[PDB]
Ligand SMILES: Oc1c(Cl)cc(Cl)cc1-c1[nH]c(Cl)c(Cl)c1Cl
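Single chain ahead, by itself, as structure tokens, in the form deposited without the named molecule.
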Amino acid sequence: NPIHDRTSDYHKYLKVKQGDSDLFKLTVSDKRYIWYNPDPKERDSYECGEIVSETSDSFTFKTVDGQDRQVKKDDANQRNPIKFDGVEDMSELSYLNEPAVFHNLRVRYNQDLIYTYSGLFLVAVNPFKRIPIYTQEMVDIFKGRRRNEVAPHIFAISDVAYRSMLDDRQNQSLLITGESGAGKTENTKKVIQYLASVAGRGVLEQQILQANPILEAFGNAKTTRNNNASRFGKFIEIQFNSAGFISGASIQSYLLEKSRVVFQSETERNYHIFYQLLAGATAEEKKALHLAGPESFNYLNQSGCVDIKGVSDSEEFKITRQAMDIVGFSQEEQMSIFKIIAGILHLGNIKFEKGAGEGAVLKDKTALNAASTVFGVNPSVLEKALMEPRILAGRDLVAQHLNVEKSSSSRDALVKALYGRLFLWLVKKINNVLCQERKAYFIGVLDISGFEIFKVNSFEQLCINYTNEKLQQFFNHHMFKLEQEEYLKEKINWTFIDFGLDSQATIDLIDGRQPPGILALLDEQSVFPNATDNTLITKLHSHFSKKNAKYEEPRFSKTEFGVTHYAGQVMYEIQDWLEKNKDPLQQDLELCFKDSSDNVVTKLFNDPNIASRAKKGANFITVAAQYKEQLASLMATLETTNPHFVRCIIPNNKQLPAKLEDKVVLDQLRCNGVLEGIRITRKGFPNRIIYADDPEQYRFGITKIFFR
């Protein structure tokens, strides 16, 4: 039994190491200790001080340099007896305070124990290095074990949800939270791994796992926060039959950050797939697609970074191609996929310049021709569609002649639409393959793009961060609000506790209905024919400045507004919001591509599930309305499941192992509600059954007995 055998890999990598006689002496000491701030300005840097005396309301303790200070007992953060250091579930701590919780995660992390319970949910602190705890033999150990029978692990909460699904006949969800780079995506993959192994009886299982490298190659990119940042969110339904065997899966994908295809900030990359193609293509792929190196392509040569530390793009391309094979994409489908990737790189190299008059011309047609060739479209039709698109003016049909900037933006709009529709097509193709059985039950794993702050935050960052704020609201509603409403509806002598975490004011600012929040005002300005980015920001300032406590009109800029999110204030730059929200694409460009000789390109443009834009009145649904609809669908789905939460925690902002930064971590423990979440578990009454069915508590409700 590896659990009990101190020499096992399980003990070695998932259990706290045996302490020594030196540590035993320290563990039986009668001394008592306190966590204090050497520097009072610096509330998250703590040292340990010995308590040397006390009065009825105070402690005097020594400082590290030896001096002595005094603190009111009411303000004191006591250090737990050290026997608690490394404890597996923090609800067991005698003293529950910020530096003690952090210290416990510190002890575990220092020994590469990244998983720790904090009551009913799991905390996972990213190691930023590989740790051998996800092998088949680890899986085998966890299979079927109750949570208190085994060490903290993502496998354990996965097993717990899987047994609840069987035992209760109820759909489950695993909600993995965290800011960008914290570990959501990696933990999500472990959940799927685990569920596929323990509920497996095996092609379908391979196809479920091989979905991932395809989605990541096209949907992930290096940002300044994560070398493998998810730029789309997803909810993965793992499907089971009444017997509990896996019977299929379905991937709900959420809006992709398609602006990254045409622009990346300094040090960032475009989507991985562009680098994988250029590094891994054969000699004949490269010639047939007219490819060169990333440096030759405007969409890859602007950020100054074309490589990621520790990643071989040609190796990843082999893995993406093998995943495509396993999932079932044909050889011609694959070649079409790569033609669309190459063609986008060619479109980006088109250089418009100013003609005799205001209208643009194309004097060098090399990149236009190369694109047209791989796309299987007519280069004259394409050129005309870029620079002289036809529109209605009243009912008249009028050929425009766009200037360089407008031609360039239309070219960029076409590229983003090609790439976003290709992505949707990939997901649709994958799903039809995994759609093999009607499900009896599902466990849904949610992996959103995590909370993110850049030097410049745009409309995509606001939607990301709102998603994160809603997810945090959901944790709060499940841990605190619904928990206490149950106590109240049952009358068990409970005084309501204000846990002081309420995202509602920030949610209403962003998405409120009356008064209108930011998104409703954005939609308003989006169908107002005279609107500009500047009238938009003036309208936000007029509604919220010095009226809404979560909004700030900054004095240092006329083009930014601040939103105080649960995870910190973010300043958003309003430039391009109206164009991003309307997401226009000239119809003459669609007509050009509907005519493509390529079977995949033709689907992207003729298949209404892919090509069609929904309507509202006589305007295309805006991106904000599409955002809202996706989020409201997710929230509706989660409400039909029993949720389990895993809070991923980033150790620092440099993507380095062995470097836990106190301020970085504590900010997350605070805005995640981790200590509040531990307290509700300690102070409350987690279990309750309609009557039927030594010691003390225990509580009798109007229809249930509740026990702590």
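Don't overthink the numbering: it's just position in the shown sequence, from 1.
A second form of this protein, the form solved in complex with the named molecule, is not displayed here; the remarks below concern that form.
- Among residues of the shown chain, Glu560 is not one whose heavy atoms approach the named molecule to within 4.5 Å in the deposited bound form.
- With a 4.5 Å cutoff on heavy atoms, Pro584 counts as touching the named molecule in the deposited bound form.
- When contacts are judged by a 4.5 Å heavy atom cut-off, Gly420 counts as touching the named molecule in the deposited bound form.
- A residue is said to contact a partner when one of its heavy atoms sits within 4.5 Å of a partner heavy atom; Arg145 fails this definition for the named molecule in the deposited bound form, lying far away.
- Though the named molecule is absent from this view, in the deposited bound form it lies within 4.5 Å of a heavy atom of just one residue from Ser94, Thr135, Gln170, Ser612, which is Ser612.
- Of the candidates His346, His565, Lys258, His103, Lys258 is the one whose heavy atoms come within 4.5 Å of the named molecule in the deposited bound form; the others do not.
- The chain is drawn here without the named molecule; in the deposited bound form, the stretch among 78-86, 333-341, 603-611, 531-539 whose residues come within 4.5 Å of it by any heavy atom is 603-611.
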